[PDB]
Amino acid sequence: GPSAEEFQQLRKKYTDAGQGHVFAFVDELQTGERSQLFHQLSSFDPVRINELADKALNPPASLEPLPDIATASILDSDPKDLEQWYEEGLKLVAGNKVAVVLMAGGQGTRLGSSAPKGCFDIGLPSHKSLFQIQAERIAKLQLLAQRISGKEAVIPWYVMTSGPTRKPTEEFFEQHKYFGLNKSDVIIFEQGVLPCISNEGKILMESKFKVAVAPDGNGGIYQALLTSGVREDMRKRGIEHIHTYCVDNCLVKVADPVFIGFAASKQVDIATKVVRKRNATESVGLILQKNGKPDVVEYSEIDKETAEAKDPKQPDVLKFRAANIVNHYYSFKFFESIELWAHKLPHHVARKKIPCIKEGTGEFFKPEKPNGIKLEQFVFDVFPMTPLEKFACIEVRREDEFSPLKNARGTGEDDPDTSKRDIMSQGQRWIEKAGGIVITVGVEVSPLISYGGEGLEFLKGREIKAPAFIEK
């Protein structure tokens, strides 16, 4: 393990930085525990931690709805354009130019599962997990693309996890044989962490030999794409277009060809999907403009007066209603610039009850009130680095595209039951549109049968008894 000299040099750095309390219990640690503490502390720069704590604890507009050059809506689109963008998106898939990054490092504190959120079974007839439904969407788009190329189509799946989720995620994917995808085209990687900070700016000790850390927010994606090797893998594959999304949306149109096609046609660096906000209290970030710059306002920071503000000309409708649904497109060229701006991203403060050592006794205690803060970066904080002309915000239909799993069963909204209803409602609607008659709520349609409502003609004239599950 670490030499005395190495350990003293580390101790000097931390002590000079006013963080020498992290070594309060060194004299009683076992060799292994001492090693852990050494390596963990070596992984942070205590001066940087001080810089972050200082900005957090002693912190240092032109703020209207997005302009019309920057916005589009599926509702207002010419159907011939939607068809063309879909075809162009599928051609890019067939070209092996499309990748997916899945943000699955969330805890799911509101959901109360012990397992990764992606593993959750919302109670469909199939009992498929969120991960498996997403994987099957990828499989299906590959198969559709192969129809046009006559060659293998691969959409690599890069799954970002946290330390709370990485091992069980990999085990789950392995036990399912990667849901019929090739393991060689799925990479599970971890996002980074930052130390939790006390109200007084001091690093919190989880144990006598471990610093309390937390994942660094979904904005941690960008640094993690470099350190993980993922960006290099995309380069080696000739990836040009990336779809990034959150695991909790059970209706997510993974690698949606119309989205990719549209974004690519406009040659944007970034595109993003929104829906109309369902009310002033919905826990969604709101996409709007700031200071000549596309930007977002998170639900945890917005002020009542803006969440409740009304449209100038229509006083019964909310002014800000472009709910961020965490559904983003990037050019690969954008990812090649990460190094120039990853350090420019802000840290957002969240005050938290961080279980730690009673700084004295060494007794582990869950505190009664918030004893410190976690810092997080947010994926959308790149939007202001991007010229308005290299940005697109598209309205899509909530009932087809956005059904988040946030809360435990019995909450009443954004829960397993709303998720299940939304998928099975989608299924029924697709069947009906293809000429099927459903007798009854709803019908689960496997993604391997239909990605987006296509391919259901074989049900024309048929009677389907709901609840049902259409599969192989």
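We call the rigid core whatever largest set of C-alpha positions still superposes within 1.5 Å between the two forms. So that there is no doubt, residue numbering starts at 1 and follows the sequence shown.
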| property | result |
| --- | --- |
| Stretch farther from the shown model on average in 5 other deposited structures of this protein, with CA RMS computed after core superposition (146-154, 294-302) | 146-154 |
| Higher-deviation segment by CA RMS in 5 other deposited structures of this protein, core fitted, 392-400 or 310-318 | 310-318 |
| Gap size, residue 441 back to residue 440 (deposited sequence, no coordinates) | 4 to 9 |
| Where residue 60 meets residue 61 in the shown sequence, the number of deposited residues left unmodelled | 4 to 9 |
| Residue range whose averaged C-alpha B-factor is higher in the record, 457-465 or 9-17 | 457-465 |
| 132-140 versus 390-398 - greater average Cα B-factor per the deposited record | 390-398 |
| Selection by C-alpha B-factor (highest) of 249, 73, 228, 314 | 314 |
| Out of 284, 101, 187, 155, residue topping the C-alpha B-factor column of the entry | 284 |
| Third of chain Cα B-factors occupied by residue 39 | lowest |
| Third assignment of residue 425 from its chain's C-alpha B-factors | middle |
| Third of the chain, ranked by Cα B-factor, where residue 83 sits | middle |
| CA B-factor ranking of residue 343, expressed as a third of its chain | highest |
| Residue 32 - which third its CA temperature factor falls in, relative to the rest of the chain | middle |
